[PDB]
Protein chains: 2
Amino acid sequence: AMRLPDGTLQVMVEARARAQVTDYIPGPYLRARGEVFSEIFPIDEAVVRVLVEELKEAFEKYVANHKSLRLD
Amino acid sequence: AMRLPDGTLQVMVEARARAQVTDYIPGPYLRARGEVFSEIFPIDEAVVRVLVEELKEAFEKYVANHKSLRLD
C-alpha cells in the first residue's frame, strides 16, 4: 500500500476466490455482501492435466503470430 | 566540421532522430521548430530483434541482386 504524488491510489491485489453478491447498497462508496464464496478444487486430476496440456499447446499457438501487434 | 577553404563547409554528422517540422521562419538562413529525439524503444523487443536480423539478411540478399547495379 503506497501513495503517488498526483492524487492516484496505487495498490497491488492478489485474488483468492470469487463470490456472489447478496445486496447492492447505494454509494459511492459501493457496498455489497457475499452469499457464499464459490470455490472449487480439480476433480479427477488426470483429465485436469490433459486439459492443462491442451491449453498450453493452444497458448503456444497463440503467441507465435505477431509482427506489429506488440504482445510480449 | 572541418573548415574547408574552398567556400564549402563539409559537416560530418552522425544523426540522431527524425522530427516533424511544425513551422518555418523566413530567412535565409531558416529557423524551424521541430520535435524531440524520437529514439525510444517499445516493449516486445524479440520481434524487433527478429525483424532486425531479417532486414539485415534481406538487404544482404538485396545487395547481391543489385550487383548487376553494383550497389555498395
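Tabulated data
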| item | result |
| --- | --- |
| Contour minus Cα-Cα distance for A:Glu54 and A:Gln10 (0.36 nm per residue) | 12.2 nm |
| More than 22 angstrom apart: percent of Cα pairs within chain A | 64 percent |
| For chain B, calculated [θ]222 nm from helices alone, where every DSSP H run of n ≥ 4 adds -39500 (n - 2.57) | -10000 deg cm²/dmol |
| Longest DSSP-loop-exposure-free segment, trypsin sites (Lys or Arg not before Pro), chain B, at most 16 other Cβ within 10 Å | B:19-66 |
| Euclidean distance between Cα centres, region B:21-72 to chain A, Å | 41 Å |
| Under 25 Å from A:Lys56, Cα to Cα: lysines that are on another chain or at least 8 residues apart | A:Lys67 |
| Per-bin percent of Cα-Cα distances, the protein assembly as shown [10 Å] | 7, 11, 18, 22, 16, 12, 9, 5, 1 |
| Qualifying GluC sites (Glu not before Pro) for region B:1-69 [loop in DSSP, other Cβ within 10 Å: at most 11] | B:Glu14, B:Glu35, B:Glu39 |
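Values in this text are rule-based calculations from the coordinates and carry no lab data. We place every Cβ from the backbone using ideal geometry, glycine too, and count neighbours over all the protein chains shown.
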